[PDB]
Structures are given as structure tokens and as C-alpha cells.
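>>> Give the three-dimensional model of this entry:
(4 chains)
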Amino acid sequence: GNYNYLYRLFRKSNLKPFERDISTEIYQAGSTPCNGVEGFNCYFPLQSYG
Amino acid sequence: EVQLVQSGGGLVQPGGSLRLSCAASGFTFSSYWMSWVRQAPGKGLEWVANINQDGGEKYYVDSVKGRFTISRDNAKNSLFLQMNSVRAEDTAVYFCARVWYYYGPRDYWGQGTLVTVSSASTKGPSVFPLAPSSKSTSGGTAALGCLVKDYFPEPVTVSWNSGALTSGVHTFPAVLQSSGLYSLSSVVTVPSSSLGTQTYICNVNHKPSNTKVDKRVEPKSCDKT
Amino acid sequence: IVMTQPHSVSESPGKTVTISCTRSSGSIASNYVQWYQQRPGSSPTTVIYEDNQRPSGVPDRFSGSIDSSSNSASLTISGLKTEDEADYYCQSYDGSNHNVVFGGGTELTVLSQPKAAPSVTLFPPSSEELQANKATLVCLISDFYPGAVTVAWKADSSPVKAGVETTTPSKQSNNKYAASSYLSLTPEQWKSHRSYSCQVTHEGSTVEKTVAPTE
Amino acid sequence: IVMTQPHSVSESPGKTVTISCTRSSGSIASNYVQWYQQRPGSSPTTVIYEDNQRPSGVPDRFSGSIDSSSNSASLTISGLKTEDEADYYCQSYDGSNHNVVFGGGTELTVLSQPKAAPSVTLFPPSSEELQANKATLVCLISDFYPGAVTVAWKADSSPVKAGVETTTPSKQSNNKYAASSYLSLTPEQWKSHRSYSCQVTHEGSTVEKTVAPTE
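Residues are numbered from 1 along each chain as shown, chains lettered A, B, ... in the order given. Sharing the structure here:
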């Protein structure tokens, strides 16, 4: 499992042409903000490949 | 029908150890789980430990892991809980309740035993008159009370004029001080009839250590009233 | 894992009030979500179990349900009356380490009293404690229904707060409370300030009068 | 015929706040509407005339519209900064008897000083002015941002308000005021009241201070 390379699986905003986003804010899947506890409808924005 | 009673509380200094006991009468003490529940004064409920039927499997939470030893006895149908290396945050009301089944709620609870961890000294309280110098005589009604401070136990029954006053008593609960002391308050409004005629003397009462005084009220006689 | 639950919420007697026990990091369909009820100065008791069955000895008012759309539970308390004034809790076997997590604890009150205007009787210190190394302060805001107070302490120069000893009010049959905050300041440094006030912005009445060291 | 206009208005640097000018009789779309600006200590000047248009020199931030709903007008003054804090007036030819009617004025200001409670400082009379019967009452207060001074007077037994008169405040160094009060006294009736208190409810404390008449 290659841990150095990652990618963004899901995001709440559509990235415009030639626009990057290095922020790792926890995405909220339409619920109360979980303050980043990775529980109810809140997951990490990035995802590791292999 | 089921009766659950416990006793053996008290209060000591941190570092020692205590032990509680809960009996059982009204059900088979062989096929029911047991679990202790504590409740700190002012805080909500929590979980302490859970023991197996015979007493083999034991599970505790991380905050009380190791310092607590729960062990039941099916011979006399009793439950014990000895917790060594006590500390300040262990102050709570420990309940002993029977569990219907593991993946379910508790059926019957206990009665409650106030177990606090504080032992500094045995100091008698002191009464301080709440003198209404000028802020309670210009406009409106009037009131005056007494403050109880520096008392280790709390068998305080605040009276006035050695029990002569009947109405107007407003007793307030105790508040923990910084190290080990407490502080409770009291007050009573005067119906503009005993400002300077009849002196309302607040009479505190403390049973353990020879504390019974009647501080004469002096509403700063240097002022108007 | 933490069972999120509001601190206090109520309504006028006669409506239907619900309480939420949303979990933190556990599936709602893992185990059963139960509710308890504790009276002031006694032991708690079970009011519901399995989120769908009612124990024998409970009127037909408490009705539990399950809302999987947000991973939370509810309790439809129909016909809110005076006997419902208690502290409810929650329970759910949520954890892979064999640990039960209880709820926060809602202090359900009886919102029958429409409005109560508070009154403040400022009391200056005395001469018994001011002798060598003691000093106190009394404000005594009383006769108010909403227990949420907004007592503030500042001697016109700095928000002095380290050393405040407030007293919780006492429940009475007239739906009235009485708050008394005792600000324990520094005895030997009384000359640092010349005025100590009690500014409480509670809804209904507010005062900002101060005291004097020597009159 | 009279031209209505708000007395005072204050806000912070930011969005625009229009000034209204509602008529009493006739139509607002029958004649033009002009807006003058009078700087304190100088002569007035014309800012906007024929609100549908605007002259040169004045920036385009000052805009205005016409409201024919209830015969009123609006002056949307945009860009609130320190160089625009002044007075404004309303004017519109309505009198058919060759009469030019004007407005009432406004007190559009800004917000730059923080909120502070004004101190209560009462000044008792002296002996040099008290030769036979002559004295004054000075309750000058300071450290207050709003200019709407609201004070009271009471000789410890009655809210005496006979001959009530206040002192006009002046602009201090760091944008402050010195609004005082001058209540009428009793030259030959000093023995009627042996105490004099000065109450103030100018968005702050209400503590009163008493003095002695002649000592």
C-alpha cells in the first residue's frame, strides 16, 4: 500500500479549472458538524491508494 | 419486592481505601449481571465496572481500571467493591444495580451512599452578620442574614433568635471551598418592624465540635440604622 | 464516544417535549437505546427499554422511537404535567471495548410560571470579618423563576473573577429561586480598589450599584 | 405645512443609512427636493439637488431617490466616513403663498469610542458664594460617548424638577462630552431640605450621592 500518494475522494465544492486545495477540512455529509471526530456522517477528505 | 440496601460510606483522605456492600433478597443470585454506577454531585451518571455471573469475567472503564476491585459472592448473595488509591475525582454516589441481561438496561437500582474524598481538619464554623448599613434602608424593603464558613461537616440548621423566628428563612446549599472547606448562606427579610426595636440574632448550630454561638446583630450603628 | 444531550429544555404543561440522545461514533442500529428517570434526592428508575417496549407501571405518555436518518433517538412525552419534572438519561451498548456510555442528562422543568421579576438587596460587609484577614461580599438576587443567572463582578478597573463562590438557588413551592454570590477577594489588598459592584443582567431586572470601603 | 425629519441617528463606518423626509400635505412629485449640509461653525452648502440627478464636485456616493407612496423622500448617503459626519436638512417648495419650507435637521454621526459608564461626581455649594442666599448645584459627569444625557434630581424626599435645566456639552479632546445639569435652588428655603441627591440613568449605574446644604 503506497502511503505517500493520496487523492481527494469527495468534496463539497466543485473545483474550477486550474484551482488547487490543500486544506484537509473534514467533509460533512449533510448533518451536524462533528468537529472532526470521524463519526456520524463526517469523514476524512483525502484517501490513500495502494 | 426486591430489596437492595448498602452502607459503609464516609470520607477519608486520598491514598487509603474503602469498601461497599450490597445484599440481595427477592431473586436468584445466579443468573443476573451486576454493574456499579456512580454519580458525582452536580454531574450526570457514569459507568464503573461489570462482573460476570460467577465472578470470572471482569471489565472496568479506563478511568477506574486497576484501582477498583469488584467481586461478588454467591454463597451469601452479597456484592463488594473495594477501591484503593482513591483520589479527588472519585467523589460520587456509587449505586449497585442488578442487570436483567447484558445487552439491555438495568432493572432495579439501590438507594445511594454519599462517598466523598476529603479530610483536611475538623474546624468549627463562624457566623458573620450581613449588616444592612445603607443599601437596604433607603428605598424598598429590608433584609439581613448570616454567612457560615470554615466548616468540615454540614449538620447546619440555621435558626434565628434561638428558634423564635418562624417565617422568612431562606436556607442556601453549601458550596465547596478551594482546599477542603465549605460555605453556605442564609438570609431573612424583616417586614419593617424589627429594624432597631427587636434585634434579630442569627443562631447557627454545629453538632460535632462544640460550636453554638449567637452573634449579636450590629447593622453598622455608626450609620443611620 | 459521547452521548450528546442538551442540558435543559422544557415547555408549557400540556405540550409534547422530546429529548435527543445523538451518539458520537457508533451505529444507531448497534444495540438498544434506553431511557431512565432520576428524581432529586433518590435513585434513578427505568422508564423505557428496547426503545419500543414500556415497563409495567408507566402511564401511556412516554413513547419512544428511533430516527435512523440522523442516528439519534427521541421520546414523545405526551401530556406534560408536574410529575414529569425529573432528570432523564440514556443508555446504549456503543463500543468495541465493552464499555457502556450514558447520556448527558436533561433537566426537564415545568414551564408553568409565566414570568417572575427578580429583586436584588445589596449587602455591605461587616466588622467581624474585616478585622485582620477576611473580606466578603453579598448581592442576593432572589425571587426569580429562570435559574440561569448572569452575575458579574468587576471593581471598575478589572474583571476580577478568580475567587468567586456562588451559591446555587433552592427550589420552592412558589416557583421562585434565590441566588447569592460571594466574591472572595484579597483581604490585605482592599486598598487596590474603592468600589465593588454586582451587575446582574438577568431577564426581568438589573442593578449595577456598588459598595464603599469606608462610609 | 411642516417637514418631518428624524432628530438623530448614529452608526458605524459601513453600509449606508438613508435619511427620510415625509411631507404633510400635497404631493412630493410636484416640486424638486434639495438637501443641504451645514458644518458646525460655518455656512451651509448644497450637496444634492434634483435628486434624480447630482451636481459636480460632490462625490457620487451621496445619492437620493423619490418615494411617491406617502409624499416622502430619501437621501441614501453612502460611504460613511469621518469627513461626512455633519448635519443635513430637508427642503422642498410646497407653499403656494410664496413660502419656502425647510426641514428640521439631523445629527448623523459615527461610532469610534467604546462604551463606558459615566462617573457620578456631585459638587456641593461653597461658603464664599453663600453670603446671604446664593448657591448652585453642579453634577457634572464625564466619560460617556452618547450625547443624550438623561439625569434626575431629588432632595432625598421628592423628585424636585422645578426649573430643570441642563448644560450643553462640548467636544472634548478624544471625542467626549461634558454635559452637566443646573437645577434651580431655594435661596430663602435652605432649611426645607437638608440633603440633595443627583440621580442619573444615562445608560449606566443609578447610584445617587447626597451632600449637606450649608453645614
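
>>> From the structure, what's the count of residues near residue 37?
All of this refers to chain A. Residues lying near residue A:37 (other Cβ atoms under 10 Å in any protein chain shown) number 13. Any C-beta I mention is one placed from the backbone N, CA and C, and that applies to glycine too.

>>> meant chain C actually
Neighbours around residue C:37, by other Cβ under 10 Å: 17.

>>> Okay, and it sits in which element?
Using DSSP states H and E, residue C:37 maps to strand C:34-38.

>>> who does that strand pair up with?
Strand C:34-38 sits in its sheet next to strand C:45-48 (antiparallel), strand C:87-92 (antiparallel), going by DSSP bridges.

>>> could I get those as JSON lines with mean neighbour count?
Formatted as JSON lines, these follow (neighbours: other Cβ atoms under 10 Å in any protein chain shown):
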{"stretch": "strand C:45-48", "mean neighbour count": "21"}
{"stretch": "strand C:87-92", "mean neighbour count": "23"}
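
>>> Show me the contact partners of stretch B:16-28.
Stretch B:16-28 has contacts (Cβ atoms under 8 Å, 6 or more residues apart in numbering or on different chains) with B:1-10, B:12, B:77-86, B:94, B:96, B:98, B:110, B:113, B:115.

>>> With only the CA atoms kept, save that stretch in PDB.
This file holds the C-alpha atoms of stretch B:16-28, laid out as PDB (Å, rounded to 0.1, in the frame of the first residue of the first chain):
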ATOM      1  CA  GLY B  16      -6.500   5.000  51.600                       C
ATOM      2  CA  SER B  17      -9.200   2.500  50.600                       C
ATOM      3  CA  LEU B  18     -12.900   1.900  51.200                       C
ATOM      4  CA  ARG B  19     -15.400  -0.900  50.700                       C
ATOM      5  CA  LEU B  20     -19.100  -1.000  50.000                       C
ATOM      6  CA  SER B  21     -21.500  -3.900  50.400                       C
ATOM      7  CA  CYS B  22     -24.900  -4.700  48.700                       C
ATOM      8  CA  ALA B  23     -27.000  -7.600  49.700                       C
ATOM      9  CA  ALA B  24     -29.700  -9.400  47.600                       C
ATOM     10  CA  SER B  25     -33.200 -10.700  48.600                       C
ATOM     11  CA  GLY B  26     -36.000 -11.500  46.200                       C
ATOM     12  CA  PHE B  27     -34.300 -13.100  43.200                       C
ATOM     13  CA  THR B  28     -32.000 -15.900  42.300                       C
END
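
>>> what comes up buried for that stretch?
For stretch B:16-28, burial by neighbour count (16 or more other Cβ atoms under 10 Å in any protein chain shown) applies to B:18, B:20, B:22, B:24.

>>> Sort out which one of those residues lies nearest chain C for me.
Nearest to chain C out of those is residue B:22 (Cβ to the nearest Cβ; 12.2 Å).

>>> Tell me who's in contact with residue 28.
You didn't pick a chain, so chain A it is. Applying Cβ under 8 Å, 6+ apart, the residues near residue A:28 are A:12, A:34, A:41, A:42.

>>> sorry, should have said chain C
C:66, C:68, C:71, C:72, C:73.

>>> in which helix or strand would I find it?
Judged by DSSP H and E, residue C:28 forms part of no helix or strand.

>>> my guess is residue B:115 meets residue B:95, correct?
No: counting by Cβ atoms under 8 Å, residue B:95 is not a contact partner of residue B:115; they are 10.9 Å apart.

>>> which of the two has more neighbours?
The residue with more neighbours, out of residue B:115 and residue B:95, is residue B:95; 24 against 20, by other Cβ under 10 Å.

>>> ok, now how distant is the residue of chain A found nearest chain B from chain D?
Relative to chain B, the nearest point of chain A is residue A:37 (17.5 Å; Cβ to the nearest Cβ). From residue A:37 across to chain D, the span is 38 Å (Cβ to the nearest Cβ, to the nearest Å).

>>> hang on, that residue packs against residue C:23?
No: using Cβ under 8 Å, residue A:37 is not in contact with residue C:23; the gap is 10.8 Å.

>>> out of the contacts of residue A:28, which are inside strands?
If you go by DSSP state E, the contacts of residue A:28 have residue A:42 in strands.

>>> which two in the contacts of residue A:28 are spaced the farthest apart?
A:12 and A:34 (14.4 Å; Cβ to Cβ).

>>> out of these two, which sits in the more crowded spot?
Ranked by neighbour count (other Cβ under 10 Å), residue A:12 and residue A:34 place residue A:34 first, with 17 against 10.

>>> Overlap of the contact sets of residue B:115 and residue B:95?
With Cβ under 8 Å, 6+ apart as the test, residue B:115 and residue B:95 reach no residue in common.

>>> distance of whichever residue of chain B sits closest to chain D from residue B:223?
Chain D sits closest to residue B:138 of chain B, with a gap of 8.6 Å, by Cβ to the nearest Cβ. For residue B:138, the distance to residue B:223 equals 11 Å [Cβ to Cβ, to the nearest Å].

>>> now residue C:101
Between residue C:101 and residue B:223 the distance is 58 Å, computed by Cβ to Cβ.

>>> Looking at the two, which one has more neighbours?
Between residue C:101 and residue B:223, counting by other Cβ under 10 Å, residue C:101 is the more crowded of the two (19 against 13).

>>> That one touches residue C:3, doesn't it?
Yes: using Cβ under 8 Å, residue C:101 is in contact with residue C:3, at 5.5 Å.

>>> Now the closest residue to chain D within chain A: phi and psi?
Proximity of chain A to chain D (Cβ to the nearest Cβ) peaks at residue A:13, 28.1 Å away. Here is the backbone geometry of residue A:13 (degrees, to the nearest 10): phi -130, psi 140.
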